[PDB]
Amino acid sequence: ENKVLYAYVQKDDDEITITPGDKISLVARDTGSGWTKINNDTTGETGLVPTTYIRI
């Protein structure tokens, strides 16, 4: 299953918070920015997180 490995707190409007154990789903893979767009179904939010912090 998809995983949050490392916690990240939102820092700009396009980002979202993730914490280990949250249920996530992919929106769009990183194209070279270092960020992946996801949904966090635990929190209900959608946006960018650092790619290395998750496994999708």
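Residues carry their position along the shown sequence, with the first being 1.
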Which third, lowest, middle or highest, does the CA B-factor of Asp13 fall in along this chain?
-> highest
Going by the recorded CA B-factors, say which third of the chain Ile56 sits in, lowest, middle or highest.
-> highest
Tell me, lowest, middle or highest third: where does the Cα B factor of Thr36 rank within its chain?
-> middle
Sort the modelled residues of this chain by their C-alpha B factor and say whether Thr43 lands in the lowest, middle or highest third.
-> highest
For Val49, does the deposited CA B-factor place it in the lowest, middle or highest third of the chain?
-> lowest
